[PDB]
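entry-v8.tsv follows; it contains TSV, C-alpha atoms and all ligand atoms.
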chain	number	residue	atom	x	y	z
A	18	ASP	CA	0.00	0.00	0.00
A	19	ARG	CA	0.94	3.64	-0.48
A	20	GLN	CA	-0.70	4.29	2.92
A	21	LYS	CA	1.29	1.78	4.98
A	22	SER	CA	4.37	3.39	3.41
A	23	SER	CA	3.47	6.93	4.43
A	24	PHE	CA	2.29	5.71	7.85
A	25	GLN	CA	5.66	4.19	8.68
A	26	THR	CA	7.27	7.30	7.27
A	27	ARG	CA	5.11	9.60	9.42
A	28	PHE	CA	5.60	7.66	12.65
A	29	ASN	CA	9.29	7.06	11.83
A	30	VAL	CA	9.03	3.40	12.73
A	31	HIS	CA	12.54	2.24	11.73
A	32	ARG	CA	14.27	4.81	13.91
A	33	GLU	CA	16.76	3.99	16.64
A	34	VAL	CA	18.61	6.39	18.90
A	35	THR	CA	22.38	6.64	18.71
A	36	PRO	CA	23.22	7.76	22.29
A	37	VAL	CA	24.43	11.28	23.02
A	38	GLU	CA	25.36	11.43	26.68
A	39	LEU	CA	25.65	14.11	29.33
A	40	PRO	CA	27.70	13.24	32.44
A	41	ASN	CA	25.73	15.18	35.08
A	42	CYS	CA	22.03	14.63	34.39
A	43	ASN	CA	19.65	14.24	37.31
A	44	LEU	CA	15.97	13.35	37.38
A	45	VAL	CA	13.95	16.10	39.06
A	46	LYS	CA	12.48	14.67	42.26
A	47	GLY	CA	8.69	15.01	42.20
A	48	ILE	CA	8.00	14.73	38.46
A	49	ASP	CA	6.61	11.32	37.57
A	50	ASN	CA	3.43	12.00	35.57
A	51	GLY	CA	4.56	14.21	32.74
A	52	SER	CA	6.25	17.55	32.22
A	53	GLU	CA	5.12	18.04	28.65
A	54	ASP	CA	5.88	21.72	28.29
A	55	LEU	CA	7.87	24.27	30.21
A	56	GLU	CA	9.06	27.85	30.03
A	57	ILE	CA	11.89	29.65	31.84
A	58	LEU	CA	11.58	33.33	32.67
A	59	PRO	CA	14.64	35.58	32.27
A	60	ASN	CA	15.07	35.50	36.09
A	61	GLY	CA	15.39	31.71	36.13
A	62	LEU	CA	11.95	30.72	37.35
A	63	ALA	CA	10.62	27.89	35.19
A	64	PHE	CA	6.96	26.91	34.84
A	65	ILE	CA	6.23	23.26	34.12
A	66	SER	CA	2.95	21.92	32.77
A	67	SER	CA	2.49	18.50	34.36
A	68	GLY	CA	-0.12	15.80	34.63
A	69	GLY	CA	-1.81	16.51	31.31
A	70	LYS	CA	-3.67	13.62	29.73
A	71	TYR	CA	-4.45	12.82	26.12
A	72	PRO	CA	-6.91	10.23	24.75
A	73	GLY	CA	-4.71	7.28	23.82
A	74	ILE	CA	-1.43	8.47	25.36
A	75	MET	CA	0.16	6.48	28.18
A	76	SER	CA	-0.38	7.46	31.80
A	77	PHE	CA	1.31	5.90	34.84
A	78	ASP	CA	-1.21	7.45	37.29
A	79	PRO	CA	-4.64	7.92	35.70
A	80	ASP	CA	-6.25	9.58	38.75
A	81	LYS	CA	-3.42	12.16	38.84
A	82	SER	CA	-4.43	15.79	38.48
A	83	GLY	CA	-2.93	18.31	36.10
A	84	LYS	CA	-0.58	20.76	37.78
A	85	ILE	CA	1.54	23.79	36.99
A	86	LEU	CA	4.84	23.41	38.86
A	87	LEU	CA	7.47	26.03	39.73
A	88	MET	CA	11.25	25.53	39.71
A	89	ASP	CA	13.86	28.15	40.67
A	90	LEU	CA	16.79	27.33	38.39
A	91	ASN	CA	19.08	29.67	40.34
A	92	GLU	CA	19.18	27.14	43.18
A	93	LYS	CA	21.97	24.55	43.16
A	94	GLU	CA	19.71	21.47	43.28
A	95	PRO	CA	16.34	23.04	42.40
A	96	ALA	CA	13.13	21.52	43.71
A	97	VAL	CA	9.62	21.68	42.20
A	98	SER	CA	6.60	23.09	44.02
A	99	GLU	CA	3.00	22.90	42.86
A	100	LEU	CA	1.62	26.38	42.20
A	101	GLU	CA	-1.77	27.07	43.77
A	102	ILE	CA	-4.52	28.17	41.40
A	103	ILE	CA	-6.77	30.78	43.02
A	104	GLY	CA	-9.87	32.49	41.72
A	105	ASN	CA	-13.48	31.60	41.06
A	106	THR	CA	-13.71	31.67	37.26
A	107	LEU	CA	-12.21	28.26	36.55
A	108	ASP	CA	-13.28	24.66	37.17
A	109	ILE	CA	-10.21	23.05	38.70
A	110	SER	CA	-11.53	19.46	38.86
A	111	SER	CA	-11.26	19.21	35.07
A	112	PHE	CA	-8.00	21.20	34.71
A	113	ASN	CA	-5.91	19.27	32.15
A	114	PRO	CA	-2.92	21.36	31.00
A	115	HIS	CA	-0.85	21.00	27.86
A	116	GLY	CA	1.25	23.70	26.18
A	117	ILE	CA	2.08	26.89	28.07
A	118	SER	CA	3.40	30.35	27.31
A	119	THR	CA	4.23	33.48	29.27
A	120	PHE	CA	3.89	37.18	28.65
A	121	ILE	CA	5.52	39.89	30.76
A	122	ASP	CA	3.78	43.29	30.79
A	123	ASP	CA	5.40	46.72	30.89
A	124	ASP	CA	4.60	46.79	34.63
A	125	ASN	CA	6.43	43.42	34.86
A	126	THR	CA	3.19	41.55	35.57
A	127	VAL	CA	3.76	37.93	34.53
A	128	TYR	CA	0.92	36.22	32.66
A	129	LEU	CA	0.83	32.46	32.10
A	130	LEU	CA	-1.24	31.13	29.19
A	131	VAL	CA	-2.06	27.44	29.61
A	132	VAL	CA	-3.65	25.20	26.99
A	133	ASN	CA	-6.51	23.42	28.73
A	134	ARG	CA	-8.37	20.39	27.36
A	135	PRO	CA	-11.08	19.55	29.93
A	136	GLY	CA	-12.98	16.80	28.27
A	137	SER	CA	-13.00	16.89	24.51
A	138	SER	CA	-13.24	20.69	24.39
A	139	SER	CA	-10.26	22.99	24.22
A	140	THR	CA	-9.58	26.33	25.95
A	141	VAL	CA	-6.73	28.69	26.77
A	142	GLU	CA	-6.59	29.81	30.41
A	143	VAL	CA	-4.80	33.05	31.25
A	144	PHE	CA	-3.39	33.50	34.77
A	145	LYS	CA	-1.56	36.19	36.66
A	146	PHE	CA	1.57	34.85	38.34
A	147	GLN	CA	2.00	35.98	41.93
A	148	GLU	CA	5.57	35.09	42.82
A	149	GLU	CA	5.59	36.11	46.50
A	150	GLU	CA	2.44	34.12	47.23
A	151	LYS	CA	3.59	31.42	44.72
A	152	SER	CA	0.21	31.20	43.09
A	153	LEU	CA	-1.68	31.54	39.82
A	154	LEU	CA	-4.63	33.95	39.80
A	155	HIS	CA	-7.09	32.82	37.12
A	156	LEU	CA	-8.28	35.67	34.91
A	157	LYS	CA	-10.02	34.35	31.80
A	158	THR	CA	-11.05	31.25	29.89
A	159	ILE	CA	-10.65	31.63	26.12
A	160	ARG	CA	-12.78	29.52	23.71
A	161	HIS	CA	-13.14	29.86	19.95
A	162	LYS	CA	-14.32	27.96	16.87
A	163	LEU	CA	-10.81	28.51	15.46
A	164	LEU	CA	-9.35	26.80	18.57
A	165	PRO	CA	-10.81	23.28	18.24
A	166	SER	CA	-7.86	21.24	19.46
A	167	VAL	CA	-5.12	23.48	20.80
A	168	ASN	CA	-1.72	21.97	21.43
A	169	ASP	CA	0.56	24.89	22.22
A	170	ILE	CA	0.38	28.68	22.17
A	171	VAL	CA	2.97	31.43	22.14
A	172	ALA	CA	1.77	34.63	23.85
A	173	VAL	CA	2.25	38.08	22.35
A	174	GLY	CA	0.19	39.95	24.97
A	175	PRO	CA	-2.01	39.15	28.00
A	176	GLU	CA	-4.73	37.55	25.85
A	177	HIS	CA	-2.96	37.61	22.48
A	178	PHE	CA	-1.28	34.56	21.01
A	179	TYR	CA	-0.70	32.18	18.14
A	180	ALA	CA	-2.08	28.72	18.84
A	181	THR	CA	-1.38	25.42	17.13
A	182	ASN	CA	-4.22	22.97	16.64
A	183	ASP	CA	-2.96	19.41	16.43
A	184	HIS	CA	-6.23	18.15	14.88
A	185	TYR	CA	-8.97	19.72	12.80
A	186	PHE	CA	-11.72	17.77	14.57
A	187	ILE	CA	-12.83	17.99	18.20
A	188	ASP	CA	-14.43	14.56	18.58
A	189	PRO	CA	-11.78	12.01	19.66
A	190	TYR	CA	-12.99	9.28	17.28
A	191	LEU	CA	-12.72	11.47	14.17
A	192	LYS	CA	-9.53	12.91	15.69
A	193	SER	CA	-7.76	9.52	15.61
A	194	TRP	CA	-9.16	8.79	12.13
A	195	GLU	CA	-7.90	12.20	11.01
A	196	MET	CA	-4.48	11.39	12.49
A	197	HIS	CA	-4.37	7.85	11.09
A	198	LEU	CA	-5.40	8.85	7.57
A	199	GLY	CA	-2.92	11.74	7.56
A	200	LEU	CA	-5.45	14.30	6.33
A	201	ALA	CA	-3.15	17.14	7.52
A	202	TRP	CA	-6.01	19.54	8.29
A	203	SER	CA	-4.50	21.02	11.45
A	204	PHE	CA	-3.84	24.76	11.39
A	205	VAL	CA	-2.54	27.78	13.30
A	206	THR	CA	-4.68	30.60	14.71
A	207	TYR	CA	-3.91	34.13	15.82
A	208	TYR	CA	-6.17	35.10	18.70
A	209	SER	CA	-6.68	38.57	20.09
A	210	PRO	CA	-9.73	40.09	21.81
A	211	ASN	CA	-10.63	42.09	18.69
A	212	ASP	CA	-9.45	39.74	15.95
A	213	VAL	CA	-9.18	35.95	15.44
A	214	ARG	CA	-7.77	34.48	12.19
A	215	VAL	CA	-6.23	31.37	10.73
A	216	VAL	CA	-2.65	32.26	9.77
A	217	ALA	CA	-1.40	28.93	8.35
A	218	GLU	CA	-2.95	25.57	7.46
A	219	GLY	CA	-2.36	22.12	6.05
A	220	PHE	CA	-0.23	20.80	8.92
A	221	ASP	CA	0.26	17.11	9.73
A	222	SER	CA	-0.20	17.74	13.48
A	223	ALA	CA	1.12	21.20	14.42
A	224	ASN	CA	2.64	20.92	17.90
A	225	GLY	CA	5.18	23.34	19.35
A	226	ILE	CA	5.12	26.99	18.36
A	227	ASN	CA	7.37	29.85	19.38
A	228	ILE	CA	8.62	33.27	18.33
A	229	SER	CA	11.99	34.93	17.79
A	230	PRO	CA	13.15	37.32	20.55
A	231	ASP	CA	12.60	40.37	18.28
A	232	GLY	CA	9.11	39.23	17.15
A	233	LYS	CA	9.98	38.99	13.46
A	234	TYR	CA	9.75	35.21	12.97
A	235	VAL	CA	7.42	32.44	14.14
A	236	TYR	CA	8.45	28.79	14.40
A	237	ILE	CA	5.94	25.94	14.09
A	238	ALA	CA	6.68	22.26	14.65
A	239	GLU	CA	4.85	19.76	12.43
A	240	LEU	CA	5.10	16.54	14.44
A	241	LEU	CA	4.31	13.88	11.86
A	242	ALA	CA	5.97	15.66	8.92
A	243	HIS	CA	9.19	15.94	11.01
A	244	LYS	CA	9.40	19.60	10.03
A	245	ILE	CA	9.92	22.99	11.62
A	246	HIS	CA	8.31	25.75	9.59
A	247	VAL	CA	9.74	29.27	9.77
A	248	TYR	CA	7.30	32.12	9.07
A	249	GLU	CA	7.78	35.85	8.72
A	250	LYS	CA	5.57	37.61	11.27
A	251	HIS	CA	4.06	40.87	10.03
A	252	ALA	CA	3.00	44.01	11.85
A	253	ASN	CA	-0.62	43.00	11.18
A	254	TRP	CA	0.09	39.53	12.75
A	255	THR	CA	-0.22	37.56	9.51
A	256	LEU	CA	2.49	35.04	8.59
A	257	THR	CA	4.21	34.30	5.34
A	258	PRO	CA	6.27	31.14	4.76
A	259	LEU	CA	10.06	31.42	4.77
A	260	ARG	CA	11.97	28.20	5.50
A	261	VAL	CA	11.07	24.59	6.16
A	262	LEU	CA	13.58	22.47	8.07
A	263	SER	CA	13.41	18.67	7.99
A	264	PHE	CA	14.64	16.10	10.48
A	265	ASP	CA	14.77	12.37	11.11
A	266	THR	CA	12.63	12.72	14.26
A	267	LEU	CA	9.20	13.86	15.39
A	268	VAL	CA	9.60	17.48	16.50
A	269	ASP	CA	7.41	18.41	19.48
A	270	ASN	CA	7.63	21.61	21.53
A	271	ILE	CA	9.99	24.48	20.65
A	272	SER	CA	11.87	26.71	23.09
A	273	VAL	CA	13.66	29.87	21.97
A	274	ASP	CA	16.70	31.14	23.80
A	275	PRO	CA	16.35	34.92	24.35
A	276	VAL	CA	20.04	35.76	24.04
A	277	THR	CA	20.98	33.78	20.93
A	278	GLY	CA	17.60	33.23	19.30
A	279	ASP	CA	18.53	29.51	19.15
A	280	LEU	CA	15.82	26.87	18.96
A	281	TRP	CA	15.86	24.05	21.51
A	282	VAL	CA	13.53	21.25	20.47
A	283	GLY	CA	12.18	18.25	22.33
A	284	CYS	CA	11.86	15.31	19.97
A	285	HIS	CA	10.33	11.84	19.74
A	286	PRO	CA	12.72	9.81	17.58
A	287	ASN	CA	10.31	6.91	16.99
A	288	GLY	CA	6.65	7.86	16.75
A	289	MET	CA	5.41	4.33	17.39
A	290	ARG	CA	7.04	4.18	20.81
A	291	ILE	CA	5.52	7.49	21.88
A	292	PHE	CA	2.02	6.83	20.50
A	293	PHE	CA	1.60	3.07	21.21
A	294	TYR	CA	3.26	2.70	24.58
A	295	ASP	CA	4.84	-0.60	25.59
A	296	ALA	CA	6.75	-0.89	28.87
A	297	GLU	CA	9.19	-3.41	27.38
A	298	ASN	CA	9.94	-0.97	24.52
A	299	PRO	CA	9.63	2.57	25.94
A	300	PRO	CA	10.01	5.82	23.97
A	301	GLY	CA	13.35	7.60	24.09
A	302	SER	CA	14.44	11.22	24.25
A	303	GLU	CA	16.24	13.61	21.94
A	304	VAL	CA	17.06	17.30	22.30
A	305	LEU	CA	18.02	19.42	19.29
A	306	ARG	CA	19.71	22.79	19.26
A	307	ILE	CA	19.13	24.74	16.04
A	308	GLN	CA	21.35	27.73	15.25
A	309	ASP	CA	21.33	30.33	12.48
A	310	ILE	CA	17.99	29.16	11.14
A	311	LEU	CA	17.63	31.82	8.42
A	312	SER	CA	20.99	31.09	6.76
A	313	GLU	CA	21.81	28.71	3.90
A	314	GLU	CA	22.78	25.69	6.04
A	315	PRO	CA	21.37	25.86	9.61
A	316	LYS	CA	23.42	24.21	12.36
A	317	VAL	CA	21.50	21.30	13.94
A	318	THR	CA	23.14	19.60	16.94
A	319	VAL	CA	21.88	16.63	18.89
A	320	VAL	CA	22.61	17.79	22.45
A	321	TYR	CA	21.09	14.78	24.22
A	322	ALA	CA	19.67	11.47	23.03
A	323	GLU	CA	18.78	8.23	24.73
A	324	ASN	CA	16.58	5.15	24.31
A	325	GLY	CA	14.49	5.67	27.45
A	326	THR	CA	16.44	3.83	30.15
A	327	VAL	CA	16.40	7.15	32.07
A	328	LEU	CA	14.00	9.63	30.42
A	329	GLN	CA	11.02	8.51	28.31
A	330	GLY	CA	9.22	10.74	25.83
A	331	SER	CA	11.05	14.10	25.79
A	332	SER	CA	8.73	16.81	24.52
A	333	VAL	CA	10.35	20.10	25.57
A	334	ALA	CA	13.85	21.32	26.40
A	335	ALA	CA	15.17	24.70	27.45
A	336	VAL	CA	18.52	25.97	28.68
A	337	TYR	CA	19.34	28.36	31.48
A	338	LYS	CA	22.82	29.49	32.60
A	339	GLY	CA	24.62	26.31	31.57
A	340	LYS	CA	21.79	23.94	32.62
A	341	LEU	CA	19.41	21.98	30.39
A	342	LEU	CA	15.90	21.11	31.52
A	343	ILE	CA	14.15	18.31	29.60
A	344	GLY	CA	10.46	17.52	30.00
A	345	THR	CA	8.38	14.55	28.86
A	346	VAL	CA	4.86	13.90	27.67
A	347	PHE	CA	3.94	11.57	30.53
A	348	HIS	CA	7.17	10.59	32.29
A	349	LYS	CA	9.89	12.34	34.27
A	350	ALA	CA	12.07	15.44	33.82
A	351	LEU	CA	15.84	15.60	33.47
A	352	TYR	CA	18.02	18.41	34.80
A	353	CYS	CA	21.45	18.44	33.21
A	354	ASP	CA	24.77	20.18	33.08
A	355	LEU	CA	25.44	21.17	29.49
A	401	CA	CA	4.79	26.36	24.84
A	402	CA	CA	2.72	17.24	22.88
A	403	CL	CL	12.39	6.38	20.57
A	404	CL	CL	20.11	33.21	11.22
A	405	CL	CL	20.90	4.97	25.18
Structure encoded using structure tokens:
Amino acid sequence: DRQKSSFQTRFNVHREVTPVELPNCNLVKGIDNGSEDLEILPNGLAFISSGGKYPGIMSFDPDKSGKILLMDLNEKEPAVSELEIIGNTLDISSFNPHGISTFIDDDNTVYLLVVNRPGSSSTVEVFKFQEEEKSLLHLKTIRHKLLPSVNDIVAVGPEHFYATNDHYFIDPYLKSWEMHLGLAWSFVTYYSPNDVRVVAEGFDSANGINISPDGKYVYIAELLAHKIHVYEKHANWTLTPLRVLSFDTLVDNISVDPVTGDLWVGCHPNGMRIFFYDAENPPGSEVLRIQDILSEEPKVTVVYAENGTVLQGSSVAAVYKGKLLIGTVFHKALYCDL
């Protein structure tokens, strides 16, 4: 079949991980049920989305709740704490976080945007971060017909963001059929209070999304195409294609380093192991650094790679002052000397 061929191309089924080691990597105590996305502020506080659940993805603790965790990366051996969500505008029993993003106001108010999928429906929750009290003040729940199945967002103001949708459909049965057939109907939305538009479409599962430090480019990961799309971001928020980068791995969430502009990318080398879990054959981990992404030949380095004997299912990676923090879809988190 032509379909069985493109299926085992999309899920990269023949792929094995040549190890790339780091000598001082330590599992973060307290993270056992996922750390699928994370973001580090310029002051070294890192937010971690944890406990999220997906229909069909593995879970070691099904009654576990979704949590936003805090980590101070300026500490020597940093520990995670669960952030308290306060407010009355949000149903916490169904809180099921996925991608996250931050925005820092001119007053230095910190806003956290959190992709929420309570049930089959999909929202974006915006919180105010209260560092002293170590809490998240809920502000708003954002819902839209152009946000059917949000995977990750990148904030550009307190309720302004680009959002990936990893499926066109909302219903989980059609969702898996969509994903199995490879329709590639997932798309990217710009959301703002006064204006909500599709800015790109035709993606075979758009996952991570991020922005360059100067605002001029947007990066979008296409999981099952193994591609990172680079877009020019215009003053009217529309996007025009620029580069497409290709890899031998499923690219998941994208972090951008503020100083260099470098991309750090959490990857699933073999899509079968991450989608059809099997304890005797667990998914591995791979972290990519991407430099000089606008130039003729961009520099791609594998900074860390492993078959899962330590860390299973890396989905996000970010660096801070010599340290590398790696998160997983549903497993642990690895803190590493670079
Ligand atoms: Ca994110
Ligand atoms: Ca994901
Ligand atoms: Cl793997
Ligand atoms: Cl460049
Ligand atoms: Cl290995």
Would you pick out the contacts of residue 179 (chain A) at 7 Å or less, using all atoms listed in the file, so that residues sharing its chain but fewer than 6 positions from it are not included, and give the list as a compact mmCIF listing (two decimals) with C-alpha atoms, in the coordinates of the input?
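selection-v5.txt written:
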# COMPACT_ATOMS: atom_id res chain seq x y z
CA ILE A 170 0.38 28.68 22.17
CA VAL A 171 2.97 31.43 22.14
CA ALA A 172 1.77 34.63 23.85
CA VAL A 205 -2.54 27.78 13.30
CA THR A 206 -4.68 30.60 14.71
CA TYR A 207 -3.91 34.13 15.82
CA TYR A 208 -6.17 35.10 18.70
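Counting from CA of residue 65 (chain A), the distance to CA of residue 134 (chain A) is 16.3 Å.
With all atoms listed in the file as the atoms that count, the minimum distance from ligand CA 402 (chain A) to the choices A:168, A:302, A:138, A:229 is reached by A:168.
Distances here use only C-alpha atoms; by that measure, the residue among A:100, A:152, A:60, A:183 closest to residue 125 (chain A) is A:60.
In this comparison, which uses all atoms listed in the file, the residue of A:226, A:335, A:351, A:102 approaching ligand CA 401 (chain A) most closely is A:226.
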Enumerate, in order of chain and increasing residue number, the residues of chain A with an atom no farther than 12 Å from ligand CA 401 (chain A), each with its shortest atom pair and distance in Å to one decimal, counting only C-alpha atoms and all ligand atoms, as a Markdown table.
| residue | atom | partner | partner_atom | distance |
| --- | --- | --- | --- | --- |
| A:52 | CA | A:CA401 | CA | 11.6 |
| A:53 | CA | A:CA401 | CA | 9.2 |
| A:54 | CA | A:CA401 | CA | 5.9 |
| A:55 | CA | A:CA401 | CA | 6.5 |
| A:56 | CA | A:CA401 | CA | 6.9 |
| A:57 | CA | A:CA401 | CA | 10.5 |
| A:63 | CA | A:CA401 | CA | 12.0 |
| A:64 | CA | A:CA401 | CA | 10.2 |
| A:65 | CA | A:CA401 | CA | 9.9 |
| A:66 | CA | A:CA401 | CA | 9.3 |
| A:114 | CA | A:CA401 | CA | 11.1 |
| A:115 | CA | A:CA401 | CA | 8.3 |
| A:116 | CA | A:CA401 | CA | 4.6 |
| A:117 | CA | A:CA401 | CA | 4.2 |
| A:118 | CA | A:CA401 | CA | 4.9 |
| A:119 | CA | A:CA401 | CA | 8.4 |
| A:120 | CA | A:CA401 | CA | 11.5 |
| A:129 | CA | A:CA401 | CA | 10.3 |
| A:130 | CA | A:CA401 | CA | 8.8 |
| A:131 | CA | A:CA401 | CA | 8.4 |
| A:132 | CA | A:CA401 | CA | 8.8 |
| A:141 | CA | A:CA401 | CA | 11.9 |
| A:167 | CA | A:CA401 | CA | 11.1 |
| A:168 | CA | A:CA401 | CA | 8.6 |
| A:169 | CA | A:CA401 | CA | 5.2 |
| A:170 | CA | A:CA401 | CA | 5.7 |
| A:171 | CA | A:CA401 | CA | 6.0 |
| A:172 | CA | A:CA401 | CA | 8.9 |
| A:178 | CA | A:CA401 | CA | 10.9 |
| A:179 | CA | A:CA401 | CA | 10.4 |
| A:180 | CA | A:CA401 | CA | 9.4 |
| A:181 | CA | A:CA401 | CA | 9.9 |
| A:224 | CA | A:CA401 | CA | 9.1 |
| A:225 | CA | A:CA401 | CA | 6.3 |
| A:226 | CA | A:CA401 | CA | 6.5 |
| A:227 | CA | A:CA401 | CA | 7.0 |
| A:228 | CA | A:CA401 | CA | 10.2 |
| A:236 | CA | A:CA401 | CA | 11.3 |
| A:237 | CA | A:CA401 | CA | 10.8 |
| A:238 | CA | A:CA401 | CA | 11.1 |
| A:269 | CA | A:CA401 | CA | 9.9 |
| A:270 | CA | A:CA401 | CA | 6.4 |
| A:271 | CA | A:CA401 | CA | 6.9 |
| A:272 | CA | A:CA401 | CA | 7.3 |
| A:273 | CA | A:CA401 | CA | 10.0 |
| A:281 | CA | A:CA401 | CA | 11.8 |
| A:282 | CA | A:CA401 | CA | 11.0 |
| A:283 | CA | A:CA401 | CA | 11.3 |
| A:332 | CA | A:CA401 | CA | 10.3 |
| A:333 | CA | A:CA401 | CA | 8.4 |
| A:334 | CA | A:CA401 | CA | 10.5 |
| A:335 | CA | A:CA401 | CA | 10.8 |
| A:344 | CA | A:CA401 | CA | 11.7 |
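With the cut-off set to 8 Å and all atoms listed in the file counted, the residues surrounding ligand CL 403 (chain A) are residues 32, 33, 34, 285, 286, 287, 288, 289, 290, 291, 299, 300, 301, 302, 323, 324, 325 and 330 of chain A.
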Return as a PDB file with C-alpha atoms, in the coordinates of the input the residues of protein, DNA or RNA that approach ligand CL 404 (chain A) to within 9 Å, with only C-alpha atoms and all ligand atoms taken into account.
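Final output, result.pdb:
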ATOM      1  CA  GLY A 278      17.600  33.230  19.300  1.00  0.00           C
ATOM      2  CA  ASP A 279      18.530  29.510  19.150  1.00  0.00           C
ATOM      3  CA  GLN A 308      21.350  27.730  15.250  1.00  0.00           C
ATOM      4  CA  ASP A 309      21.330  30.330  12.480  1.00  0.00           C
ATOM      5  CA  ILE A 310      17.990  29.160  11.140  1.00  0.00           C
ATOM      6  CA  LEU A 311      17.630  31.820   8.420  1.00  0.00           C
ATOM      7  CA  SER A 312      20.990  31.090   6.760  1.00  0.00           C
ATOM      8  CA  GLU A 313      21.810  28.710   3.900  1.00  0.00           C
ATOM      9  CA  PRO A 315      21.370  25.860   9.610  1.00  0.00           C
TER      10      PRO A 315
END
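Proximity of A:329, A:209, A:26, A:35 to ligand CL 405 (chain A), computed with only C-alpha atoms and all ligand atoms, is greatest for A:35.
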Rank nothing, just name the residue among A:326, A:182, A:266, A:110 nearest to ligand CL 405 (chain A), using all atoms listed in the file.
A:326
Would you compute, for all listed atoms of region 123-137 of chain A, the axis-aligned bounding box grown by 4 Å on each side, and then report its centre and edge lengths in Å rounded to one decimal, as lines of an AutoDock Vina configuration file?
center_x = -3.3
center_y = 31.8
center_z = 30.0
size_x = 27.4
size_y = 38.0
size_z = 19.1
List the neighbours of residue 146 (chain A) out to 6 Å using only C-alpha atoms; skip same-chain residues closer than 3 positions along the sequence, and give me the result as a ChimeraX atom specification.
/A:127-128,153
Using only C-alpha atoms, please write the residues we just selected to a file, as a JSON list (two decimals), in the coordinates of the input.
[["chain", "number", "residue", "atom", "x", "y", "z"],
["A", 127, "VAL", "CA", 3.76, 37.93, 34.53],
["A", 128, "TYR", "CA", 0.92, 36.22, 32.66],
["A", 153, "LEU", "CA", -1.68, 31.54, 39.82]]
Model the absent atoms of region 42-53 of chain A so that N, CA, C and O atoms are present, and write the result as a PDB file, in the frame of the given file.
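The resulting part17.pdb:
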ATOM      1  N   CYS A  42      23.465  14.503  34.594  1.00  0.00           N
ATOM      2  CA  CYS A  42      22.030  14.630  34.390  1.00  0.00           C
ATOM      3  C   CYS A  42      21.341  14.039  35.607  1.00  0.00           C
ATOM      4  O   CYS A  42      21.721  12.968  36.081  1.00  0.00           O
ATOM      5  N   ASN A  43      20.339  14.732  36.123  1.00  0.00           N
ATOM      6  CA  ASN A  43      19.650  14.240  37.310  1.00  0.00           C
ATOM      7  C   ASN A  43      18.148  14.385  37.121  1.00  0.00           C
ATOM      8  O   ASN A  43      17.668  15.462  36.753  1.00  0.00           O
ATOM      9  N   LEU A  44      17.422  13.289  37.346  1.00  0.00           N
ATOM     10  CA  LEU A  44      15.970  13.350  37.380  1.00  0.00           C
ATOM     11  C   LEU A  44      15.502  14.334  38.443  1.00  0.00           C
ATOM     12  O   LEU A  44      16.046  14.379  39.545  1.00  0.00           O
ATOM     13  N   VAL A  45      14.494  15.132  38.112  1.00  0.00           N
ATOM     14  CA  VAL A  45      13.950  16.100  39.060  1.00  0.00           C
ATOM     15  C   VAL A  45      13.002  15.369  40.005  1.00  0.00           C
ATOM     16  O   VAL A  45      11.992  14.809  39.575  1.00  0.00           O
ATOM     17  N   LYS A  46      13.342  15.342  41.294  1.00  0.00           N
ATOM     18  CA  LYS A  46      12.480  14.670  42.260  1.00  0.00           C
ATOM     19  C   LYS A  46      11.107  15.340  42.285  1.00  0.00           C
ATOM     20  O   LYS A  46      11.007  16.570  42.387  1.00  0.00           O
ATOM     21  N   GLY A  47      10.054  14.532  42.162  1.00  0.00           N
ATOM     22  CA  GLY A  47       8.690  15.010  42.200  1.00  0.00           C
ATOM     23  C   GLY A  47       7.941  14.950  40.884  1.00  0.00           C
ATOM     24  O   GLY A  47       6.715  15.136  40.876  1.00  0.00           O
ATOM     25  N   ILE A  48       8.622  14.686  39.773  1.00  0.00           N
ATOM     26  CA  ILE A  48       8.000  14.730  38.460  1.00  0.00           C
ATOM     27  C   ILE A  48       7.947  13.303  37.924  1.00  0.00           C
ATOM     28  O   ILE A  48       8.934  12.767  37.405  1.00  0.00           O
ATOM     29  N   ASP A  49       6.779  12.679  38.044  1.00  0.00           N
ATOM     30  CA  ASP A  49       6.610  11.320  37.570  1.00  0.00           C
ATOM     31  C   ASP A  49       5.432  11.137  36.625  1.00  0.00           C
ATOM     32  O   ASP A  49       5.281  10.049  36.057  1.00  0.00           O
ATOM     33  N   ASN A  50       4.625  12.164  36.393  1.00  0.00           N
ATOM     34  CA  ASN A  50       3.430  12.000  35.570  1.00  0.00           C
ATOM     35  C   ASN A  50       3.379  13.032  34.459  1.00  0.00           C
ATOM     36  O   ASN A  50       2.310  13.543  34.109  1.00  0.00           O
ATOM     37  N   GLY A  51       4.522  13.338  33.881  1.00  0.00           N
ATOM     38  CA  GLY A  51       4.560  14.210  32.740  1.00  0.00           C
ATOM     39  C   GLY A  51       5.097  15.587  33.093  1.00  0.00           C
ATOM     40  O   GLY A  51       4.898  16.109  34.200  1.00  0.00           O
ATOM     41  N   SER A  52       5.773  16.188  32.129  1.00  0.00           N
ATOM     42  CA  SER A  52       6.250  17.550  32.220  1.00  0.00           C
ATOM     43  C   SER A  52       6.284  18.094  30.797  1.00  0.00           C
ATOM     44  O   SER A  52       7.284  18.610  30.328  1.00  0.00           O
ATOM     45  N   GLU A  53       5.133  18.020  30.109  1.00  0.00           N
ATOM     46  CA  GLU A  53       5.120  18.040  28.650  1.00  0.00           C
ATOM     47  C   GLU A  53       5.567  19.378  28.079  1.00  0.00           C
ATOM     48  O   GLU A  53       6.072  19.437  26.953  1.00  0.00           O
TER      49      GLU A  53
END
